[PDB]
């Protein structure tokens, strides 16, 4: 896999973000995670966490996996990086997302995510408290 440039257009919530990619506005859905909706427990905390990560980043990058690059709603499916740090993984490590939606052929960072989740669970963070 490789990283490609993008720029933030707007934060949305824990696991979606509006980015400009190849010069076109797109909503991205983060691979391999599920954050609570804003109206649910830890929804607001997940959204704040990603908003800060994405807004403070000097450089946003997107990394597509091997499989489908857009979902049935037209959202881009990617791993998103904020100054080199993967948002998908950080969410999970902080107990603000669950590893989820792991489909065959778009699961390159699965074990990375699961290791983070195991550590969040051990620390009883947030969702796991």
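Residue numbers count along the first chain shown, from 1.
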Q) Given the B-factors recorded for C-alpha atoms, which segment has the greater mean, 30 to 38 or 99 to 107? A) 99 to 107
Q: Going by the average Cα B-factor in the PDB entry, point out whether 90 to 98 or 50 to 58 comes out higher.
A: 50 to 58
Q: Ordered by C-alpha B-factor within the chain, which third holds residue 6? Give me lowest, middle or highest, please.
A: lowest
**Q.** residue 74 CA temperature factor, ranked by third within the chain
**A.** middle
Q.
When the deposited Cα B-factors of this chain's modelled residues are ordered and cut into thirds, is residue 119 in the lowest, the middle or the highest one?
A. highest
Q: Could you say whether, by C-alpha temperature factor, residue 45 belongs to the lowest, middle or highest third of its chain?
A: highest
Q: Within this chain's modelled residues, let me know which third the CA B factor of residue 65 belongs to: lowest, middle or highest.
A: middle
